[PDB]
Amino acid sequence: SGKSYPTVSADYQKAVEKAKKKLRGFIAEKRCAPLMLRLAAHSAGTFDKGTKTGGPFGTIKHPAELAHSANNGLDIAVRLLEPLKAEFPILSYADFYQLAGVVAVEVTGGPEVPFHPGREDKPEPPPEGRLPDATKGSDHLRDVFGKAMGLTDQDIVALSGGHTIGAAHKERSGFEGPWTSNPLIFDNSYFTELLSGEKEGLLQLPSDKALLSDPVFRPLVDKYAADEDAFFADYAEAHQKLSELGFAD
Ligand code: HEM
Ligand code: NA
């Protein structure tokens with residue numbers, strides 16, 4: 001909602017379609033879907049609505065932004081994508097990274113998130129410190145996703161479900177291990193695990209646990225644990241919004 005997507009040329013559209021295919025094959029083969037989803041989220045998640053700065057505009061590949069502590073390990077993601085990006089010189093990096101995030105969800109069996117091209121690469125990275133802190137709680141989540149990004153409480157819970165794929169690494173954030181028993185499968189297991197308690201071998205961040213005790217977040221966790229279809233619908237909506245922050249309005 002509220003979006004007016006720009007016109008891109010037929011050749012640009014052709015390149016998007018071909019890049020989508022190539023990204024599917026590459027991401028599946030390399031087993032890097034979760035890392036690519038993290039990359040897309042960290043690129044988009046710097047948007048501040050009050051200043052209209054940051055967001056998914058290709059700045060994450062700048063050495064200055066990759067050096068942000070919250071971005072530890074994302075240099076791997078950028079390097080992995082560089083050879084493929086080079087096959088699509090017409091595409092913006094911004095579009096390519098957001099397309100990679102959409103593909104990461106699709107190949108792991110998640111919903112089909114709508115994608116619209118036309119993000120323009122911006123010259124200057126946003127200041128460090130906008131991304132969410134895993135050690136903080138609900139107030140902080142609302143500060144970051146709500147007050148800065150302009151997303152809803154529903155979006156916060158659905159997007160937290162991105163942790164259904166992948167793992168933390170002690171050398172990156174310091175946290176360690178997968179949230180789920182099937183970390184390459186995009187399903188509602190993140191929420192099922194969050195409800196069932198601390199199972200040995202599985203990770204819960206303080207920011208994940210914050211969802212269980214918040215009056216608004218908890219009913220959403222309950223809904224998504226009970227209804228994977230409802231999770232997929234809300235997730236697709238939220239991911240689209242995240243990927244389009246500051247873009248096309
Ligand atoms: C809600 C606030 C969030 C917090 C506090 C948070 C924090 C973290 C942390 C600490 C890690 C581990 C990084 C590492 O050590 O390798 C991580 C990984 C990850 N995050 Fe988030 N995140 C949040 C939101 C999101 C969102 C919105 C998405 C996308 C929808 C997402 C997708 C992922 C994925 C897929 C991984 C796994 C990366 C891998 O396997 O290499 N996260 N997150
Ligand atoms: Na999973």
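In each ligand, atom 1 is the first atom listed, and ligand 1 is the first ligand listed. Sequential numbering from 1 along the given sequence is applied to the chain's residues.
Ring-plane geometry between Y5 and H116 is classed as parallel, the angle between the planes falling under 30 degrees on a 0 to 90 degree scale with a further cut at 60. Ring-plane geometry between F231 and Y224 is classed as tilted, the angle between the planes lying from 30 to 60 degrees on a 0 to 90 degree scale.
Assignment of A167 to the shell around ligand 1 is supported, since a heavy atom sits closer than 4.0 Å.
Taking the Na ion (ligand 2) as reference, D187 places its N/O/S atom OD1 nearest.
By the side-chain contact (heavy atoms from CB on, under 4.5 Å) test, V102 pairs with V113, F115, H239, sequence neighbours left out. Checked against side chain to side chain donor-acceptor pair (under 3.5 Å), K122 has no partners two or more places apart in sequence or in another chain. Considering only residues two or more places apart in sequence or on other chains, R38 meets the side chain to side chain donor-acceptor pair (under 3.5 Å) condition with none of them.
At under 3.5 Å, a nitrogen or oxygen of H169, whether backbone or side chain, sits near a nitrogen or oxygen of ligand 1.
At a threshold of 4.0 Å, the pair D143-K147 counts as salt-bridged, since one of the basic side-chain nitrogens sits closer than that to a carboxylate oxygen.
Computed with the Na ion (ligand 2) at the centre, the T180 OG1 to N182 O angle is 80°, stated to 10 degrees. Geometry note: the Na ion (ligand 2) is the vertex, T164 O and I185 O are the arms, and the angle is 90° (rounded to 10 degrees).
Remark: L151 CG to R142 CZ distance equals 13.0 Å, nearest 0.5 Å.
Protein N/O/S atoms found under 2.8 Å from atom 21 (Fe) of ligand 1, listed by chain and residue number: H163 NE2.
Within the set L159, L205, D155, the minimum heavy-atom distance to atom 26 (C) of ligand 1 is found for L159. For atom 18 (C) of ligand 1, the candidate residues are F145, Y190, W179; the nearest heavy-atom contact is made by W179.
Heavy atoms of other residues, nucleotides or ligands lying less than 6.0 angstrom from NZ of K49 number more than 12.
Judged by the 6.0 Å distance and 45° axis criteria, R130 is not positioned over the aromatic ring of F47.
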